[PDB]
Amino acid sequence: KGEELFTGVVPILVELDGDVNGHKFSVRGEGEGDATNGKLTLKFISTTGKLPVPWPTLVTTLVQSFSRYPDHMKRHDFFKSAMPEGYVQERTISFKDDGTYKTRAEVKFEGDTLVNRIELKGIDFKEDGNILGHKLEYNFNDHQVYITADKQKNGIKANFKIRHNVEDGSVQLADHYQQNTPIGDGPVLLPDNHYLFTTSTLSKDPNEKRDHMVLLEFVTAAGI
């Protein structure tokens, strides 16, 4: 019955409070989601000034409840199963040869709006590495993510690596490890192993002066 709340276009609110090597910042996202086609469209704004971080390193963090799960697979969609009460999403992102992000989020319905409220902390970052030194190009190379059930936590697990391009032409790796647990006590769908594929498209609003990011994503479940 959680499948219910994603039939049409659901509005999205994204809130993130970040602290990276003491750099406190905050992002506010607004958009809509069409889970039946797997289309995500959001505009994020820095309510703090220029981000101390490259925008691309925050994509992973800024709502897989909107993935498109084929009909032949709808019994593996943990993300909508745990709604409206939502799920907690925790990640550890370790940028090779640099610092590490640790995220905690609550993905929850709040009235008509699906909300993802995140708290992020990052430590041991090189004051001028690829991240804090803003050496990462403004683009994103996705990557499949392997969903797995973790039934002792009544939730799901996944680890995956992301490659961000470097101005240098190098590649800054980011090792993701992901835990998700339901917030409510209701029963959830625990899935067999499957994948979530994504194509992200990063862009800018020419009329927006604040540090911002316009994000378009098409997400599909498959596997395999």
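A residue's number is simply how far along the shown sequence it sits, counting from 1.
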{"property": "Unresolved deposited residues in the interval that joins residue 62 and residue 63", "result": "1 to 3"}
{"property": "Stretch with the greater mean C-alpha B-factor as recorded in the entry, comparing 38 to 46 against 181 to 189", "result": "181 to 189"}
{"property": "Residue of maximum C-alpha B factor among 56, 29, 52, 155, per deposited coordinates", "result": "155"}
{"property": "Of the residues 76, 117, 135, 121, the one carrying the largest Cα B-factor as recorded", "result": "76"}
{"property": "Residue 148 by Cα B-factor - lowest, middle or highest third of the modelled chain", "result": "middle"}
{"property": "Third assignment of residue 199 from its chain's C-alpha B-factors", "result": "middle"}
{"property": "Third of the chain's Cα B-factor distribution that residue 80 belongs to, per the entry", "result": "middle"}
{"property": "Ranked against its chain, the third holding the CA B-factor of residue 159", "result": "middle"}
{"property": "For residue 10, the third of its chain into which the C-alpha B factor falls", "result": "middle"}
